[PDB]
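Below you'll find only one chain, the form deposited in one PDB entry, shown as structure tokens.
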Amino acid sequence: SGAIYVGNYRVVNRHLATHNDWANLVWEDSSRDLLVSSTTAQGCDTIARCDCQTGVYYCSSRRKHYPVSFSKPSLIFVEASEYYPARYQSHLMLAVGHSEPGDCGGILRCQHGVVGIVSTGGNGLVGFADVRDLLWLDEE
């Protein structure tokens, strides 16, 4: 679990969205595993606007932050997970590192702020849902 809190937006894994997130829906995309909902209190997070391929992500299943190199956001085939089938996911960035299903929502951050959240795992890779293309998170 985990979320990005930017302005009055809450960014979560679409597969972990609550009834409240769906009841207060701003934007969702099953092919990115991303859902954004509206918040009452404003958020502490800034969004990276950058093409950085180095950063640090939180791994809840290790209680650790790991510096990683990661691929640019792409359309990637992902093997079946306990929360999704074997399928293509878009705007996905891969690095070498530990990602279990409960790691989804852990933040990946660079020198420019929040890059994305853990979305995929297994075979010693960790996939992140990029949010740096979502410029609209930075206003309204």
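Residue numbers here begin at 1 and follow the sequence given. Heads up, when I say rigid core I mean the largest set of C-alphas that superpose within 1.5 Å between the two forms.
The following text describes the form solved in complex with a small molecule, which does not appear among the structures shown.
Although the partner is absent here, residue 43 sits far enough away that none of its heavy atoms falls within 4.5 Å of the small molecule in the entry with it bound.
Within this chain, residue 49 is remote from the site of the small molecule in the entry with it bound, having no heavy atom within 4.5 Å. No residue of 87, 98, 72, 112 other than 87 has its CA displaced by 2 Å or more between the shown form and the other one when the core is superposed.
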